[PDB]
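Chemist: Take a look and give me a structure for this.
(chains A, B, C, D, E, F, G, H and I)
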Amino acid sequence: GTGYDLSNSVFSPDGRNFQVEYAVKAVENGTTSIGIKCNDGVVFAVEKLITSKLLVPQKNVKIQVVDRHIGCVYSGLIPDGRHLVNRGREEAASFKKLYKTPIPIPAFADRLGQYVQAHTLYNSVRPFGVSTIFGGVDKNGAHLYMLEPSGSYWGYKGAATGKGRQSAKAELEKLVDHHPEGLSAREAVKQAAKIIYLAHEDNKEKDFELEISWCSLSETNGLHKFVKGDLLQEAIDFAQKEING
Amino acid sequence: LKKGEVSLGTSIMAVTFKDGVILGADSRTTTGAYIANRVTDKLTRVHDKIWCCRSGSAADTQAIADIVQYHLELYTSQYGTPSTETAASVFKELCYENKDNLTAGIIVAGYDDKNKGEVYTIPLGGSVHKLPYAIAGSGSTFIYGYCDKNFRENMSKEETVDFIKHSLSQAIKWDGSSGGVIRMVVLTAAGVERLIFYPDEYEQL
Amino acid sequence: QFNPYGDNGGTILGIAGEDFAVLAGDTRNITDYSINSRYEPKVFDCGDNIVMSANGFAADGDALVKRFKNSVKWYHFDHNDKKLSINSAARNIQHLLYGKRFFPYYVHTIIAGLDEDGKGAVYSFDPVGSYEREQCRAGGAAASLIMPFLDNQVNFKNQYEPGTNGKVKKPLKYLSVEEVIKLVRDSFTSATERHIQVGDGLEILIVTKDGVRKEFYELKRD
Amino acid sequence: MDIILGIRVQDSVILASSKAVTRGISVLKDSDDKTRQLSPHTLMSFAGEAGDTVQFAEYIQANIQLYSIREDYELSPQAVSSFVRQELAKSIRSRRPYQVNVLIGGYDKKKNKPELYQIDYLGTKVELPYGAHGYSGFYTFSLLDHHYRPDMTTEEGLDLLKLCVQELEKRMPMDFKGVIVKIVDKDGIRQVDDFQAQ
Amino acid sequence: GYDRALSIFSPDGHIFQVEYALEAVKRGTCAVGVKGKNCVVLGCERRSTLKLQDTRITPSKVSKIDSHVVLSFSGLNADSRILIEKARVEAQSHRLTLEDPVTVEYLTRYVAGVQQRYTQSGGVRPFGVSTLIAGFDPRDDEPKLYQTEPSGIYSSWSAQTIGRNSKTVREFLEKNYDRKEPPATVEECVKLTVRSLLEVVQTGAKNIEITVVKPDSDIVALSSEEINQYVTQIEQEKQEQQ
Amino acid sequence: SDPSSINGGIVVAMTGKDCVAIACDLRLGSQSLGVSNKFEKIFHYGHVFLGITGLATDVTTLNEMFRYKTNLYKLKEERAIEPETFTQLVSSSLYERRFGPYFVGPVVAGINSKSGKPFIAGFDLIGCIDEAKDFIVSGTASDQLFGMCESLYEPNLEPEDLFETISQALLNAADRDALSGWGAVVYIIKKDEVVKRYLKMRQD
Amino acid sequence: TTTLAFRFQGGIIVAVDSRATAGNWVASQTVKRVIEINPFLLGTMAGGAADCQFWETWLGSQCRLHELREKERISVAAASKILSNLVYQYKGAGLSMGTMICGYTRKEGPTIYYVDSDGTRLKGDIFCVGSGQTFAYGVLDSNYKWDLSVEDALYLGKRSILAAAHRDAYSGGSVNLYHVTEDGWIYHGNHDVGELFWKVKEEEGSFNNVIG
Amino acid sequence: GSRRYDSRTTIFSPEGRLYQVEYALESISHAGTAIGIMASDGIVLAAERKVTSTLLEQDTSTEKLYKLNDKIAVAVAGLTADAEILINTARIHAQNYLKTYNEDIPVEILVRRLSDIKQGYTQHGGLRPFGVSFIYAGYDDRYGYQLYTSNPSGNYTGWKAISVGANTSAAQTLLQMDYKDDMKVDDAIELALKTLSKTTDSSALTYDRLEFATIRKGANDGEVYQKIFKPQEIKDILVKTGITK
Amino acid sequence: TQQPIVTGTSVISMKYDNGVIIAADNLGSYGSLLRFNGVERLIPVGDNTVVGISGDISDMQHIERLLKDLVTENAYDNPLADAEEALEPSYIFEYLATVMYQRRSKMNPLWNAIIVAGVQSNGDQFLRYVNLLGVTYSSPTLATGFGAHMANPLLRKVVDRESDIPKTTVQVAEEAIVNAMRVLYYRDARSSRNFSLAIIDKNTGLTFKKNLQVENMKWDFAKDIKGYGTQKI
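Modeler: Residues are numbered from 1 along each chain as shown, chains lettered A, B, ... in the order given. You can find the structure just below:
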């Protein structure tokens, strides 16, 4: 109640308005998503919480495509995530029509990024409050990026977020360190499943449904695909192995 | 409505060689039968490693190219270095929506260090076409046989330098709206090298 | 600069009856001396017991009928699913037409159905709009050939029994659908002989109080 | 056209305006006031297309009448004329021009002198003792310059106008069936219901 | 911003802006209209103790909307001018499109809509003036007197008073004029109006301004002199009980 | 129809010595029938005189516009409008309307209130400024007018003799027209009196 | 197409032709030619089909609105002028309208206004519109008489139409007669030209004074 | 929030007039005086110049006296800034009227446009009103001399002598007493110069601390000739009255 | 408007009982100069529809971009639906048809003639036409530009009617398309030698053969040897 909590038509004494700070805090009590960068691709995984037997398995999906080769998953407030993506699409299509090429990940990042920054310089236009793990492959490699509430983004090589962040990040850095970057795309699927399974240990008063995807240069042939069938059964096997089972 | 109209040297090319592309042109503007320009710079940088040859109407090509220049500067700073194919689309878009006033025959040729040298040829009305080499203008039909037969990939710089000087010097002779200097542009990763040879030189050589 | 709009053939024929109405149309779609289709009708049942054909140039036709179908949909939505009458439909189709009098347009539209009394109605349009109801009405390429015959055998105007042909007359026939299809059948068969805008197939839509019924007769092919 | 004459006598403006519209063989309408009263000492007479006339007339009367009440006095012939011309000059640039060319016969009631104005459909403004529209003036300017000289009572104006109209109907091939005469002075607008030698 | 909450209901159902509007009216001058049945009289107060001004540079109380339509007001000067400009545009537009000299009621419908308009919807604030619009509709021997408010309501009324000393003049109209049987004479209608505004102005005939409108454009505003002779007469009727 | 020669018109300006002269016709026609011998084309703004030839509608519209511009300029500045300045404002108002209609040939004459020296300038519908201190002519018969003036004028003329040059130049130029008859006026302008003299001349 | 309307003691006589053609062969003897806006206004068809149709229902919306809202009988005087003013807006938009705006209100009596796409609005006793109009005008004019009975007025109207029918081939399928009164219009039947020709040619003796 | 950072003061007081408008009136009464005297052979305007010192240019006294027309001029009481915006619009309104009807604007007609905008300024936008009152000096050929006043309340009246700005009561009281209708320009000036003296308390009053203009019939016009006095002309008339103050 | 300067010539198609065949040359012509050899003009959209565009290459490039948006947007919202409610021929067809009608109606038409050929995974085989003139049709043979005139009658002996479709088969159909292409390179010199051929079976999905070359040659010139340029003194 200072006008640094009711308006963003000013600069704050903390260099940010309170409501943007609050967006960052609400990502963390949320749902877990990770992103694994590897030497030929990226892998995405997200924990989908099960609260009832009334939900249907994989007919609600959280990982949504932009283009055909960039995969987007996000954690945090559901409505804000729809709106971010809808925008993400309009940029992506405009790029494909106008330059006659699929869009680069550092390019795509600058376009969403500038739009998250816009909604954070007006006194009555809502901030975003999702952290988006996104990425894909283009004509000079694979890239993993993570976008925050505040409009903050950098390239990542491993990324983690959510309730189970602490655990997740621990396993994830160990494995990334051990590996040249993450080893094969294939190996990374199983690994990814272990992190999500391990993070689920931080919330056993609910169930999960493991959901993975990938986007890999020679291991999806440039496309983003959902991870399913055998490839999903195998990652499950590996996961229940280490975390006892 | 433009009163009078303008024309360029109409035998333009981009040739692939050992380490990139060498881009070659004749230059001459005439306004009717008045020789508006002996020499011209129609050897146009649209980015630091991606140049083009402009042909067609002087007023129109220059007006387009400036717009392409603005998009590809902004494009570099934000979204990373262009490609030959990226430049080519921007040129095309501007021609197609305004093909009601525009006459632009464009070769955009640029060097990338993971595609090697690239030639994209955008005729009148505007459509992107990828080819491993190009000849354009209206004098190109007449050298189609030469060009196809002596076109060879990975030819020595000395040999390509002769080949372009010769290719044009023959074209310029038999065609009539061609004339003025032959200027050439070597694009490799070491940078951009500029060649100019005057009339008295090339005819002879 | 370009006008892509020209005209293409096809022939329709609408007859209003006591208790029924027909809208009959050929299946041949042509542009010049080529066959575009042998089976494609320009007549559609647009619903609420309203049948429609906007005969002439195809490009204009397809678009007017897409426009009329959405408009029918929204009426229903906003007005408690109310029946679209032949009177309502008619007015609407004019507003669409006059909306595009500014641009070239080229259909002779004819709508048939039933009004809420249970009485046939056939309404004819110009490509700019205006309508009025007629007792029999030929439209399309062979309109001009079909109508002189149609006036004698349906309307009994210019048709007189022997004795004086002027005091002795043949009266207007009390309509019944079965005899009317014989009349339609005869018209269309005489038309294939004279016109290359008619043939392939004849589709008769009959609109009754038992619903909309489709009747099918073959026409000339090689 | 529509034959429209004017003559300014020493106290008044007498304006003569056709009484008929003739369609081939017969007069289709023959009760034609081709003039509209703006105000009780502003009259404007008209020639041009039939449709422009009434559409302009009604638009213009309404504007002037709005000015009369807002400012709480009757607008001068001078005030109306400058207004009339300025609207006509704009219309020419636009898709549809008002194609009426006019004669405004007024009493300047504030300084006590009659004034007659010819304003064209483009905007060509002139003050005149007498004037005419079209081919009329070739024949009738020849009678008015010769037989008339200023400072002649009102009745002499009536007889001159009839002689002008007779010569027009005889020698020029247009057909307009005489004139219906109206007089604008301080007593207002009066109809001369004779045209027999007046 | 300013496109919202100028005007909203209370939970008590009063409107702020309308409630403070009616207060400008009580404070301002006094206008009254009494109808005959072949005349309408409009009497007006204009109240100034400062004597260093003329009537011919101080605006009139009765303004012409048309020769046969008149408007009287009580309230702010500023606001009333806005309303007057619309009514003249509406008179001339009606005459143009329907080709009928104006009906007085339609004109009330236009002035009243504007008044409703700035209250219901934001981006403008409401008016603080109430009006009397009166006149004769063509082909009528029957007088018309209307009242329109900042609310934007209107209704037709046999005599009506607004402004300072509404109570006093009200009582007088209740006990000396009837809806049933009004003055039938022009003279008696004049006498009554003077009687009513004299009790309240607290001056002679030099601060009451009477204007009488007889049918279809026949308007004569009696002068200070003419009113005084009735003012004399009135002091005589009152000295039968004194 | 005609684009400006419905009613025609001609205008002549001379420089004298402390003095300038501007003269014009007084014709109004409807095509070739001359209708009136009176219609003034010369108006002035402060002390700078503006004659405008052309179509009558276009003289009227410009005259009202130049009133509007001079008055607000006059009001802000507490100072009148100056020949030198006036030339530029005319150019700038005319170039905006080269895309609009206009079929005019204005001529400006004056004596500066800021160096005491004679000033004339000429304009076409194109808006080519004609910088001159000898004579400048405009109108339908401008070609002929240039020949008459080039021969007849002699430098450094006082109002009476200046008067004789202009009056005769205009009369004999006009005699080979009919679109320059119906009376004509000469104004001989000093910065302290203006003499207006009607001439007697042809008509059809 | 030839349509006429004349003002007389009993109200208004409106008489019209009907004819639709495929060639010169009469395809139908039928088609409207009075557009009944509401029972108090008629507008007669002699313009473009679509133009007349569109603006005259739209005119029906302005009449209905004026009476519903303002609780006042709308004039013929108001009906024509609403129409003329819109017409001038759609002028040089491709408009073709020739209509006569007919009504008989309490406040004006029988009133006939001629309204065209030029936007002209004229009041008159007598207006004939068409292209057989000059000939139709002849018959009417030489037998014109304001003080006339409704029945005899109908016979004069119908002979006038016939006259125009015989010479001009854009009329003459059938005649529809209507007499427009205060309280609304009364239809006077549909008369066949065949039967009507032989009676008149013998009966009238105008252009037939020695039978031809 | 910022929908409650609205001042909400361009709405009515219960006092029958807007907050901001009433408060603004005070502002006028704390800035320079204008006095308007309408005479039977002129109109005399006097205004006392607010700050006069050597650091100022003292030879300028058009700082509040502007002529809007050839025969209309105004006097300002209020602040320079507030004034300028209405001056410019009145000037144009003069030119629109001139152009449409071929005649000069009547004094009340001109007054009425200015007053409808002053009201407007609070009626549309919520913005603040002016801080200026004018006393208008003009001639029209339909009523003789007219001398009017308008205030940011949009109420206007005509008067035969009025004062606005500071010390309205004192000056008005004296004016009503000495007023006559057989006064001449010179009799008015003398009168004006007495009144001004009695409201200013000094050792002496100087000619450069005044701004003066009169609009008289003249002897170069049957119209009215507007004479704008400058310090040195103020000095002369001070001798002529023999009223040193 | 939009006028020839770069042209593609001829797209042919016909239906057989279990599927459809479509074949079209690979051509960017510059009048009678065969400037670009390789230019795509069959776009597979999804995995059960192929768009064949004839006419101006500049404009085809405009449809190409719209299609690139149609593949992304039908995967948008639901990448769970790809053959159920994404990318049917009937949906591709109506998407194209809306741009076509809109561009012509404002009197600056796109200059193409289009066949969207497909086999519905949810229905029956799909063969429907749209051109710049706005003429639209379905028929068991559809062909664009020059092909409309000549190729189409040869296709039409196989199927021209609803009854003939069950009597047509892969072998008959495939021979007929090649026979048709052979006729086009033979009587028209614009249409290229190098072509691509796609057979779309409902059960076996989309099969796209790239780089077929017109074969079963005609070496007609050896008959007319009389000399043509050796001129004797």
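Chemist: State which helix of chain C is the longest.
Modeler: helix C:58-78 (DSSP state H).
Chemist: and residue C:108, bridged to which residues?
Modeler: residue C:55 (DSSP bridges).
Chemist: Can you dump the C-alpha atoms of stretch B:20-28 in CSV for me?
Modeler: In CSV, the C-alpha atoms belonging to stretch B:20-28 read as follows (Å, rounded to 0.1, in the frame of the first residue of the first chain):
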residue,chain,number,x,y,z
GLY,B,20,32.5,-19.1,-51.1
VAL,B,21,31.0,-17.0,-53.9
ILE,B,22,32.3,-14.3,-56.2
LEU,B,23,29.6,-11.8,-57.3
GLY,B,24,30.0,-10.0,-60.6
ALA,B,25,28.2,-7.2,-62.3
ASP,B,26,28.2,-4.6,-65.0
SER,B,27,26.9,-1.2,-64.0
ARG,B,28,25.4,1.6,-66.2
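Chemist: Can you list the buried residues in it?
Modeler: B:20, B:21, B:22, B:23, B:24, B:25, B:26, B:27, B:28 (16 or more other Cβ atoms under 10 Å in any protein chain shown). (C-beta placed from N, C-alpha, C; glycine too.)
Chemist: any idea how far residue I:227 is from the residue sitting furthest away from the middle of chain I?
Modeler: Distance from the centre of chain I peaks at residue I:233, with 51.9 Å (Cα atoms, centre = their mean). Separation of residue I:233 from residue I:227 (Cβ to Cβ, to the nearest Å) stands at 14 Å.
Chemist: Contacts for the following helix or strand past the longest helix of chain C next, please.
Modeler: Once the chain leaves helix C:58-78, the next helix or strand it forms, by DSSP states H and E, is helix C:86-98. By Cβ atoms under 8 Å, 6 or more residues apart in numbering or on different chains, the list of residues contacting helix C:86-98 from outside reads C:46, C:48, C:50, C:52, C:64, C:67-68, C:71-72, C:75, C:105, C:109, C:111-115, C:121, C:123, C:125, C:127-131, G:50, G:53-54, G:57.
Chemist: Look through the chain and tell me its longest helix.
Modeler: In the absence of a named chain, chain A is used. Per DSSP H, chain A has its longest helix at helix A:78-99.
Chemist: not what I meant, chain H
Modeler: Max-length helix for chain H by DSSP H is helix H:80-101.
Chemist: in that one, what counts as buried?
Modeler: So helix H:80-101, judged by 16+ other Cβ under 10 Å, has buried residues H:82-83, H:86-87, H:90-91, H:93-95, H:97-99, H:101.
Chemist: Pull the residues that contact that helix.
Modeler: D:67, D:75, D:79, D:82-83, D:86, F:64, F:67-68, F:71-72, F:75, H:63-64, H:66, H:68-69, H:72, H:74, H:76, H:103-105, H:109-110, H:113-114, H:117-118, H:130-132, H:134.
Chemist: mind listing which of those residues are in helices?
Modeler: D:67, D:79, D:82-83, D:86, F:64, F:67-68, F:71-72, F:75, H:109-110, H:113-114, H:117-118.
Chemist: Narrow these to those that are buried.
Modeler: Here, 16+ other Cβ under 10 Å leaves D:67, D:79, D:82-83, D:86, F:64, F:71, F:75, H:110, H:113-114, H:117-118 buried among those.
Chemist: can you tell me the residue of chain H closest to chain D?
Modeler: residue H:102 (4.1 Å; Cβ to the nearest Cβ).
Chemist: Tell me who's in contact with that residue.
Modeler: Taking Cβ under 8 Å, 6+ apart as the test, what residue H:102 contacts is D:76, D:78, D:79, D:81, D:82.
Chemist: try it again with 6 Å
Modeler: D:78, D:79, D:82 (Cβ atoms under 6 Å, 6 or more residues apart in numbering or on different chains).
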